[PDB]
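Have a look at model_35.pdb below; it lists PDB, C-alpha atoms.
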ATOM      1  CA  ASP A  16    -137.077  59.782-172.679
ATOM      2  CA  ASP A  17    -133.292  60.146-172.857
ATOM      3  CA  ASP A  18    -131.838  57.880-175.526
ATOM      4  CA  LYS A  19    -129.564  54.958-174.704
ATOM      5  CA  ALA A  20    -127.296  52.617-176.646
ATOM      6  CA  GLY A  21    -129.429  50.103-178.545
ATOM      7  CA  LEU A  22    -132.550  52.263-178.298
ATOM      8  CA  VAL A  23    -132.236  55.080-180.814
ATOM      9  CA  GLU A  24    -135.253  56.208-182.833
ATOM     10  CA  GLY A  25    -134.512  55.932-186.547
ATOM     11  CA  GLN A  26    -131.738  53.403-185.897
ATOM     12  CA  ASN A  27    -132.944  50.608-183.613
ATOM     13  CA  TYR A  28    -136.669  51.302-183.739
ATOM     14  CA  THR A  29    -139.402  53.499-185.181
ATOM     15  CA  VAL A  30    -142.438  55.044-183.495
ATOM     16  CA  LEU A  31    -145.915  54.283-184.830
ATOM     17  CA  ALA A  32    -148.053  57.343-185.552
ATOM     18  CA  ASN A  33    -150.977  55.450-184.046
ATOM     19  CA  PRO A  34    -150.617  52.635-181.473
ATOM     20  CA  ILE A  35    -151.976  49.155-182.061
ATOM     21  CA  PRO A  36    -154.280  47.930-179.285
ATOM     22  CA  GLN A  37    -152.832  44.873-177.534
ATOM     23  CA  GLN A  38    -154.794  41.663-177.095
ATOM     24  CA  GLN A  39    -153.939  41.579-173.378
ATOM     25  CA  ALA A  40    -154.141  44.568-171.041
ATOM     26  CA  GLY A  41    -151.625  43.790-168.306
ATOM     27  CA  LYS A  42    -148.574  42.735-170.299
ATOM     28  CA  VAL A  43    -146.149  43.642-173.095
ATOM     29  CA  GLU A  44    -147.215  42.487-176.543
ATOM     30  CA  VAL A  45    -144.622  41.545-179.119
ATOM     31  CA  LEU A  46    -146.537  41.660-182.408
ATOM     32  CA  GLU A  47    -145.165  40.188-185.642
ATOM     33  CA  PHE A  48    -146.823  40.967-188.962
ATOM     34  CA  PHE A  49    -145.706  38.254-191.369
ATOM     35  CA  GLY A  50    -146.475  36.396-194.582
ATOM     36  CA  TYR A  51    -146.200  32.650-195.209
ATOM     37  CA  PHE A  52    -144.652  33.744-198.524
ATOM     38  CA  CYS A  53    -141.988  35.736-196.685
ATOM     39  CA  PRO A  54    -138.455  34.180-196.641
ATOM     40  CA  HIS A  55    -137.248  36.545-193.897
ATOM     41  CA  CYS A  56    -140.359  35.721-191.850
ATOM     42  CA  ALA A  57    -139.674  32.009-192.279
ATOM     43  CA  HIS A  58    -136.201  32.524-190.781
ATOM     44  CA  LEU A  59    -137.148  35.012-188.054
ATOM     45  CA  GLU A  60    -139.881  32.616-186.870
ATOM     46  CA  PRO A  61    -137.639  30.020-185.190
ATOM     47  CA  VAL A  62    -135.564  32.756-183.517
ATOM     48  CA  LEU A  63    -138.533  34.841-182.435
ATOM     49  CA  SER A  64    -140.464  31.821-181.193
ATOM     50  CA  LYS A  65    -137.427  30.530-179.277
ATOM     51  CA  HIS A  66    -136.909  33.932-177.637
ATOM     52  CA  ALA A  67    -140.598  34.204-176.804
ATOM     53  CA  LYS A  68    -140.318  31.171-174.526
ATOM     54  CA  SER A  69    -137.855  32.948-172.234
ATOM     55  CA  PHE A  70    -140.306  35.855-172.213
ATOM     56  CA  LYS A  71    -141.077  37.192-168.745
ATOM     57  CA  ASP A  72    -144.624  36.478-167.523
ATOM     58  CA  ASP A  73    -145.906  39.909-168.550
ATOM     59  CA  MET A  74    -144.800  39.385-172.163
ATOM     60  CA  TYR A  75    -146.240  37.484-175.150
ATOM     61  CA  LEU A  76    -145.937  36.987-178.912
ATOM     62  CA  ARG A  77    -148.865  37.762-181.233
ATOM     63  CA  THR A  78    -148.666  37.150-184.994
ATOM     64  CA  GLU A  79    -150.839  38.532-187.810
ATOM     65  CA  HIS A  80    -150.693  37.781-191.540
ATOM     66  CA  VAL A  81    -150.608  40.880-193.739
ATOM     67  CA  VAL A  82    -153.244  41.330-196.440
ATOM     68  CA  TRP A  83    -151.999  43.536-199.289
ATOM     69  CA  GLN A  84    -154.511  42.360-201.887
ATOM     70  CA  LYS A  85    -157.651  40.292-202.369
ATOM     71  CA  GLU A  86    -155.715  37.131-203.318
ATOM     72  CA  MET A  87    -153.801  37.223-200.025
ATOM     73  CA  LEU A  88    -156.927  36.935-197.877
ATOM     74  CA  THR A  89    -156.761  33.136-198.230
ATOM     75  CA  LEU A  90    -153.333  33.119-196.552
ATOM     76  CA  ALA A  91    -154.521  35.219-193.602
ATOM     77  CA  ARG A  92    -157.453  32.827-193.291
ATOM     78  CA  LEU A  93    -154.980  29.943-193.092
ATOM     79  CA  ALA A  94    -153.020  31.824-190.408
ATOM     80  CA  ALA A  95    -156.213  32.266-188.382
ATOM     81  CA  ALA A  96    -157.052  28.569-188.787
ATOM     82  CA  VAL A  97    -153.603  27.782-187.402
ATOM     83  CA  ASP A  98    -154.260  30.096-184.442
ATOM     84  CA  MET A  99    -157.654  28.441-183.876
ATOM     85  CA  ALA A 100    -156.782  24.798-184.394
ATOM     86  CA  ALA A 101    -153.085  24.564-183.561
ATOM     87  CA  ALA A 102    -152.242  27.272-181.026
ATOM     88  CA  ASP A 103    -150.215  24.799-178.955
ATOM     89  CA  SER A 104    -148.278  23.495-181.965
ATOM     90  CA  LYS A 105    -148.127  26.718-183.984
ATOM     91  CA  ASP A 106    -144.341  26.474-184.411
ATOM     92  CA  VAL A 107    -144.475  23.178-186.277
ATOM     93  CA  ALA A 108    -147.519  24.038-188.390
ATOM     94  CA  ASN A 109    -145.977  27.344-189.493
ATOM     95  CA  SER A 110    -142.621  25.686-190.139
ATOM     96  CA  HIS A 111    -144.246  23.464-192.764
ATOM     97  CA  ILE A 112    -146.487  26.173-194.214
ATOM     98  CA  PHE A 113    -143.465  28.473-194.618
ATOM     99  CA  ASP A 114    -141.438  25.677-196.232
ATOM    100  CA  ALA A 115    -144.306  24.867-198.599
ATOM    101  CA  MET A 116    -144.428  28.404-199.992
ATOM    102  CA  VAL A 117    -140.872  29.709-199.690
ATOM    103  CA  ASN A 118    -139.050  26.538-200.738
ATOM    104  CA  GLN A 119    -141.560  24.384-202.638
ATOM    105  CA  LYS A 120    -143.324  27.368-204.294
ATOM    106  CA  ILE A 121    -146.749  25.882-203.577
ATOM    107  CA  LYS A 122    -149.532  28.396-204.309
ATOM    108  CA  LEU A 123    -151.239  28.151-200.915
ATOM    109  CA  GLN A 124    -153.177  31.386-201.574
ATOM    110  CA  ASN A 125    -155.249  29.245-203.973
ATOM    111  CA  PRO A 126    -157.958  27.552-201.824
ATOM    112  CA  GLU A 127    -158.287  24.350-203.859
ATOM    113  CA  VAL A 128    -154.515  23.922-203.632
ATOM    114  CA  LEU A 129    -154.490  24.846-199.933
ATOM    115  CA  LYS A 130    -157.385  22.538-199.016
ATOM    116  CA  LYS A 131    -155.820  19.530-200.704
ATOM    117  CA  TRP A 132    -152.387  20.268-199.246
ATOM    118  CA  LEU A 133    -153.810  20.588-195.712
ATOM    119  CA  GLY A 134    -155.505  17.201-196.021
ATOM    120  CA  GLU A 135    -152.154  15.566-196.733
ATOM    121  CA  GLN A 136    -150.264  17.051-193.773
ATOM    122  CA  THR A 137    -148.920  14.647-191.140
ATOM    123  CA  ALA A 138    -146.323  16.751-189.293
ATOM    124  CA  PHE A 139    -149.214  18.748-187.868
ATOM    125  CA  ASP A 140    -152.964  18.173-187.689
ATOM    126  CA  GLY A 141    -153.721  19.233-191.257
ATOM    127  CA  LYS A 142    -157.315  18.079-190.954
ATOM    128  CA  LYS A 143    -158.025  20.034-187.766
ATOM    129  CA  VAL A 144    -156.638  23.172-189.435
ATOM    130  CA  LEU A 145    -158.616  22.550-192.619
ATOM    131  CA  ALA A 146    -161.735  22.371-190.441
ATOM    132  CA  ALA A 147    -160.950  25.713-188.803
ATOM    133  CA  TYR A 148    -160.183  27.071-192.255
ATOM    134  CA  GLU A 149    -163.623  26.075-193.472
ATOM    135  CA  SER A 150    -165.475  27.651-190.547
ATOM    136  CA  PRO A 151    -166.471  31.321-191.056
ATOM    137  CA  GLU A 152    -164.561  32.407-187.917
ATOM    138  CA  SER A 153    -161.251  31.898-189.716
ATOM    139  CA  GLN A 154    -162.344  34.412-192.346
ATOM    140  CA  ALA A 155    -163.667  36.798-189.685
ATOM    141  CA  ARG A 156    -160.182  36.774-188.204
ATOM    142  CA  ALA A 157    -158.627  37.249-191.653
ATOM    143  CA  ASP A 158    -160.866  40.268-192.272
ATOM    144  CA  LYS A 159    -159.480  41.719-189.026
ATOM    145  CA  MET A 160    -155.895  40.978-190.163
ATOM    146  CA  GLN A 161    -156.595  42.919-193.361
ATOM    147  CA  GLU A 162    -157.991  45.797-191.356
ATOM    148  CA  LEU A 163    -154.882  45.840-189.152
ATOM    149  CA  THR A 164    -152.649  45.844-192.254
ATOM    150  CA  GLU A 165    -154.533  48.791-193.754
ATOM    151  CA  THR A 166    -155.245  50.900-190.648
ATOM    152  CA  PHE A 167    -151.641  50.729-189.454
ATOM    153  CA  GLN A 168    -150.161  50.775-192.951
ATOM    154  CA  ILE A 169    -148.067  47.648-192.554
ATOM    155  CA  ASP A 170    -146.329  47.672-195.923
ATOM    156  CA  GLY A 171    -143.480  45.281-195.201
ATOM    157  CA  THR A 172    -142.770  41.861-193.691
ATOM    158  CA  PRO A 173    -141.563  40.958-191.247
ATOM    159  CA  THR A 174    -142.714  43.880-189.135
ATOM    160  CA  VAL A 175    -142.304  43.475-185.372
ATOM    161  CA  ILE A 176    -144.064  45.881-182.993
ATOM    162  CA  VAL A 177    -143.530  46.081-179.238
ATOM    163  CA  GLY A 178    -146.111  47.456-176.808
ATOM    164  CA  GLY A 179    -148.252  48.432-179.772
ATOM    165  CA  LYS A 180    -146.041  51.493-180.169
ATOM    166  CA  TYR A 181    -142.530  50.711-181.422
ATOM    167  CA  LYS A 182    -141.369  49.105-184.657
ATOM    168  CA  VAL A 183    -138.165  47.094-184.292
ATOM    169  CA  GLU A 184    -135.503  47.925-186.867
ATOM    170  CA  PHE A 185    -133.676  44.667-187.561
ATOM    171  CA  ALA A 186    -129.960  44.566-188.199
ATOM    172  CA  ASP A 187    -129.975  40.794-187.715
ATOM    173  CA  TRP A 188    -132.627  38.577-186.098
ATOM    174  CA  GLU A 189    -130.452  38.020-183.011
ATOM    175  CA  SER A 190    -129.523  41.658-182.345
ATOM    176  CA  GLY A 191    -133.178  42.467-182.968
ATOM    177  CA  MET A 192    -134.156  40.290-180.013
ATOM    178  CA  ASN A 193    -132.035  42.667-177.937
ATOM    179  CA  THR A 194    -134.017  45.676-179.161
ATOM    180  CA  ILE A 195    -137.199  43.809-178.312
ATOM    181  CA  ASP A 196    -136.032  43.353-174.704
ATOM    182  CA  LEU A 197    -134.946  46.972-174.439
ATOM    183  CA  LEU A 198    -138.228  48.193-175.925
ATOM    184  CA  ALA A 199    -140.180  45.920-173.573
ATOM    185  CA  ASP A 200    -138.517  47.596-170.580
ATOM    186  CA  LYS A 201    -139.169  50.999-172.118
ATOM    187  CA  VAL A 202    -142.846  50.038-172.390
ATOM    188  CA  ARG A 203    -143.006  48.632-168.853
ATOM    189  CA  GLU A 204    -141.534  51.866-167.516
ATOM    190  CA  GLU A 205    -144.282  53.644-169.458
ATOM    191  CA  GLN A 206    -147.157  51.539-168.099
ATOM    192  CA  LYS A 207    -146.014  52.723-164.659
ATOM    193  CA  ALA A 208    -147.336  56.240-165.084
TER     194      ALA A 208
END
Target encoding C-alpha cells, full file:
Amino acid sequence: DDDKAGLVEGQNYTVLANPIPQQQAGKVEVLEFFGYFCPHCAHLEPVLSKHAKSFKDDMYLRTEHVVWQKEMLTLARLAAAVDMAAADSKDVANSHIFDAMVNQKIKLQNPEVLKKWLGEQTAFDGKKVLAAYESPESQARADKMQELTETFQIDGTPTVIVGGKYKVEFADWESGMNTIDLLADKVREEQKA
C-alpha cells in the first residue's frame, strides 16, 4: 500500500470507485475502452498491441468500444463483429477501421456506409466481419459495451484499466506501458491474499 515511483494515485493512475469484472479469473486483465473515431486510440493501438504480445502468461488485453449515444451503437457492433470474426487478425482489421474514420472521415457509424465499406475490404476478411455484424450476437455484445460504458462511467477514450481496478494515466503511450506493468504487479500481489 506504500507508494512507489511510477505508481502514484492521481499522477500515474486512478482508482475506480467500482471494479470491472474481468473476462478471465486467473490472470491480469488489461482493458482498453476505445473508439474507432478516436485518433489517440488509433495511435495507442499499435503500441498497446505490441506490448501485449510480451505479456506474461497470466496477462491479456481486452478491448471495448464506448457507447456515448444511440448513433454510436453501430460502431460498438462493428467492434464486436471484429472480435467474433477476426480475433486472430484483430490488429490489421482495426488498423484499417481506425484509418477509415480518423484519416478518411468515413461515417462508419452509418450502417449502409459501413456494410458497403466492409464488403470492399481486402486487407482483412471484410465479408466475414460483415457476416458477424449482421448476426444478432454482434449487437448483443454492443449492448453489453454500452452497459459497461454507462455503469463504469467511461467518459473518455482511450481509457485503459488494469485488473479491473486501476485507470492508467498516460503521459505518453510508451511510459504508460510502464505503469501498466507496475499496476499488473500491484494486482498480482493483491490476488495473493
Distance query 9 Å from (-158.5, 36.0, -192.1) using only C-alpha atoms, result as a ChimeraX atom specification:
/A:80,82,88-96,152-161
Using all atoms listed in the file, which of the listed residues (A:97, A:195, A:46, A:76) sits closest to residue A:34?
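So, comparing all the options, the nearest one is A:46.
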With all atoms listed in the file as the counted atoms, please give the residues lying no more than 12 Å from residue A:31, apart from itself and same-chain residues fewer than 3 positions off, as a PyMOL selection string.
chain A and resi 24-25+28+34-36+166-169+174-183
Between A:69, A:150, A:78, A:39, which residue has the minimum interatomic distance to residue A:163, considering only C-alpha atoms?
A:78
Among listed residues A:57, A:117, A:108, A:123, nearest residue A:136 (using all atoms listed in the file):
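Closest residue, counting all atoms listed in the file: A:108.
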Considering all atoms listed in the file, can you say which of A:22, A:138, A:146, A:100 comes closest to residue A:197?
A:22
State, in Å with one decimal place, the distance from atom CA of residue A:149 to atom CA of residue A:130.
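Atom-to-atom, atom CA of residue A:149 to atom CA of residue A:130, that is 9.1 Å.
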Which residues fall under the PyMOL selection byres ((chain A and resi 107) around 12) in this file, as JSON, numbers by chain?
{"A": [57, 60, 61, 64, 97, 101, 102, 103, 104, 105, 106, 108, 109, 110, 111, 112, 113, 114, 136, 137, 138, 139, 140, 141]}
Show me, as lines of an AutoDock Vina configuration file, the centre and edge lengths in Å to one decimal of the axis-aligned box that covers every listed atom of stretch 106-109 of chain A with 4 Å on each side.
center_x = -145.9
center_y = 25.3
center_z = -187.0
size_x = 11.2
size_y = 12.2
size_z = 13.1
Do a neighbour search on residue A:188 at 9 Å with all atoms listed in the file, toss out local chain neighbours closer than 3 positions, and write the hits as a VMD selection string.
chain A and resid 58 to 59 62 to 63 185 191 to 192
Let me make sure I understand: among A:53, A:99, A:208, A:147, which one has the smallest atom-to-atom distance to residue A:120 if we use all atoms listed in the file?
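The answer is A:53, which sits nearest to residue A:120.
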Once the PyMOL selection byres ((chain A and resi 196) around 10) is applied to the coordinates I shared, what remains selected? I want it as a PyMOL selection string.
chain A and resi 45+66+70-71+74+177+191-195+197-202
Include C-alpha atoms and write out the residues we just selected as an mmCIF file, in the frame of the given file.
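Wrote result-v5.cif, looks like this:
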data_model
loop_
_atom_site.group_PDB
_atom_site.id
_atom_site.type_symbol
_atom_site.label_atom_id
_atom_site.label_comp_id
_atom_site.auth_asym_id
_atom_site.auth_seq_id
_atom_site.Cartn_x
_atom_site.Cartn_y
_atom_site.Cartn_z
ATOM 1 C CA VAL A 45 -144.622 41.545 -179.119
ATOM 2 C CA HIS A 66 -136.909 33.932 -177.637
ATOM 3 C CA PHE A 70 -140.306 35.855 -172.213
ATOM 4 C CA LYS A 71 -141.077 37.192 -168.745
ATOM 5 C CA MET A 74 -144.800 39.385 -172.163
ATOM 6 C CA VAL A 177 -143.530 46.081 -179.238
ATOM 7 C CA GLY A 191 -133.178 42.467 -182.968
ATOM 8 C CA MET A 192 -134.156 40.290 -180.013
ATOM 9 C CA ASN A 193 -132.035 42.667 -177.937
ATOM 10 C CA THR A 194 -134.017 45.676 -179.161
ATOM 11 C CA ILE A 195 -137.199 43.809 -178.312
ATOM 12 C CA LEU A 197 -134.946 46.972 -174.439
ATOM 13 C CA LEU A 198 -138.228 48.193 -175.925
ATOM 14 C CA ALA A 199 -140.180 45.920 -173.573
ATOM 15 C CA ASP A 200 -138.517 47.596 -170.580
ATOM 16 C CA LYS A 201 -139.169 50.999 -172.118
ATOM 17 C CA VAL A 202 -142.846 50.038 -172.390
#
What's the separation between atom CA of residue A:51 and atom CA of residue A:21, in Å to one decimal place?
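Atom CA of residue A:21 lies at a distance of 29.4 Å from atom CA of residue A:51.
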Please, can stretch 126-153 of chain A be completed to N, CA and C atoms and returned as an mmCIF file, keeping the file's coordinate frame?
data_model
loop_
_atom_site.group_PDB
_atom_site.id
_atom_site.type_symbol
_atom_site.label_atom_id
_atom_site.label_comp_id
_atom_site.auth_asym_id
_atom_site.auth_seq_id
_atom_site.Cartn_x
_atom_site.Cartn_y
_atom_site.Cartn_z
ATOM 1 N N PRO A 126 -157.223 28.382 -202.790
ATOM 2 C CA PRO A 126 -157.958 27.552 -201.824
ATOM 3 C C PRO A 126 -158.026 26.064 -202.170
ATOM 4 N N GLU A 127 -158.271 25.740 -203.434
ATOM 5 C CA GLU A 127 -158.287 24.350 -203.859
ATOM 6 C C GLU A 127 -156.937 23.704 -203.561
ATOM 7 N N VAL A 128 -155.863 24.400 -203.918
ATOM 8 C CA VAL A 128 -154.515 23.922 -203.632
ATOM 9 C C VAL A 128 -154.288 23.811 -202.124
ATOM 10 N N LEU A 129 -154.629 24.866 -201.389
ATOM 11 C CA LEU A 129 -154.490 24.846 -199.933
ATOM 12 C C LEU A 129 -155.233 23.671 -199.297
ATOM 13 N N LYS A 130 -156.516 23.539 -199.629
ATOM 14 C CA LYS A 130 -157.385 22.538 -199.016
ATOM 15 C C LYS A 130 -156.843 21.132 -199.200
ATOM 16 N N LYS A 131 -156.366 20.845 -200.405
ATOM 17 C CA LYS A 131 -155.820 19.530 -200.704
ATOM 18 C C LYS A 131 -154.493 19.308 -199.986
ATOM 19 N N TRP A 132 -153.670 20.347 -199.940
ATOM 20 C CA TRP A 132 -152.387 20.268 -199.246
ATOM 21 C C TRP A 132 -152.609 19.998 -197.754
ATOM 22 N N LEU A 133 -153.514 20.754 -197.138
ATOM 23 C CA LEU A 133 -153.810 20.588 -195.712
ATOM 24 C C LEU A 133 -154.238 19.161 -195.366
ATOM 25 N N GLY A 134 -155.019 18.548 -196.249
ATOM 26 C CA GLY A 134 -155.505 17.201 -196.021
ATOM 27 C C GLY A 134 -154.397 16.164 -196.012
ATOM 28 N N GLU A 135 -153.264 16.504 -196.615
ATOM 29 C CA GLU A 135 -152.154 15.566 -196.733
ATOM 30 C C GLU A 135 -151.088 15.751 -195.655
ATOM 31 N N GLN A 136 -151.291 16.713 -194.760
ATOM 32 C CA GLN A 136 -150.264 17.051 -193.773
ATOM 33 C C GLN A 136 -150.253 16.125 -192.556
ATOM 34 N N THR A 137 -149.089 15.545 -192.278
ATOM 35 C CA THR A 137 -148.920 14.647 -191.140
ATOM 36 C C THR A 137 -148.147 15.278 -189.981
ATOM 37 N N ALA A 138 -147.158 16.106 -190.305
ATOM 38 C CA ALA A 138 -146.323 16.751 -189.293
ATOM 39 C C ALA A 138 -147.159 17.527 -188.282
ATOM 40 N N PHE A 139 -148.243 18.126 -188.757
ATOM 41 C CA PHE A 139 -149.214 18.748 -187.868
ATOM 42 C C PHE A 139 -150.604 18.266 -188.253
ATOM 43 N N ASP A 140 -151.601 18.637 -187.461
ATOM 44 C CA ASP A 140 -152.964 18.173 -187.689
ATOM 45 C C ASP A 140 -153.618 18.913 -188.856
ATOM 46 N N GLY A 141 -153.234 18.546 -190.075
ATOM 47 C CA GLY A 141 -153.721 19.233 -191.257
ATOM 48 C C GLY A 141 -155.235 19.273 -191.320
ATOM 49 N N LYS A 142 -155.867 18.197 -190.867
ATOM 50 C CA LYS A 142 -157.315 18.079 -190.954
ATOM 51 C C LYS A 142 -158.027 18.990 -189.964
ATOM 52 N N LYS A 143 -157.470 19.126 -188.765
ATOM 53 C CA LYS A 143 -158.025 20.034 -187.766
ATOM 54 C C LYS A 143 -157.938 21.486 -188.246
ATOM 55 N N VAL A 144 -156.828 21.829 -188.892
ATOM 56 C CA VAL A 144 -156.638 23.172 -189.435
ATOM 57 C C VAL A 144 -157.585 23.420 -190.606
ATOM 58 N N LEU A 145 -157.689 22.445 -191.502
ATOM 59 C CA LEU A 145 -158.616 22.550 -192.619
ATOM 60 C C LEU A 145 -160.035 22.817 -192.134
ATOM 61 N N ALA A 146 -160.404 22.197 -191.014
ATOM 62 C CA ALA A 146 -161.735 22.371 -190.441
ATOM 63 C C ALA A 146 -161.925 23.800 -189.952
ATOM 64 N N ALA A 147 -160.915 24.327 -189.265
ATOM 65 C CA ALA A 147 -160.950 25.713 -188.803
ATOM 66 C C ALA A 147 -160.987 26.645 -190.009
ATOM 67 N N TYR A 148 -160.245 26.273 -191.042
ATOM 68 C CA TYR A 148 -160.183 27.071 -192.255
ATOM 69 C C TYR A 148 -161.560 27.183 -192.890
ATOM 70 N N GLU A 149 -162.330 26.104 -192.807
ATOM 71 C CA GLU A 149 -163.623 26.075 -193.472
ATOM 72 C C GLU A 149 -164.722 26.773 -192.674
ATOM 73 N N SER A 150 -164.536 26.892 -191.364
ATOM 74 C CA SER A 150 -165.475 27.651 -190.547
ATOM 75 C C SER A 150 -165.363 29.149 -190.860
ATOM 76 N N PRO A 151 -166.481 29.885 -190.740
ATOM 77 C CA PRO A 151 -166.471 31.321 -191.056
ATOM 78 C C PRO A 151 -165.552 32.124 -190.123
ATOM 79 N N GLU A 152 -165.373 31.668 -188.884
ATOM 80 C CA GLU A 152 -164.561 32.407 -187.917
ATOM 81 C C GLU A 152 -163.141 32.644 -188.420
ATOM 82 N N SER A 153 -162.612 31.715 -189.210
ATOM 83 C CA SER A 153 -161.251 31.898 -189.716
ATOM 84 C C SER A 153 -161.214 33.101 -190.647
#
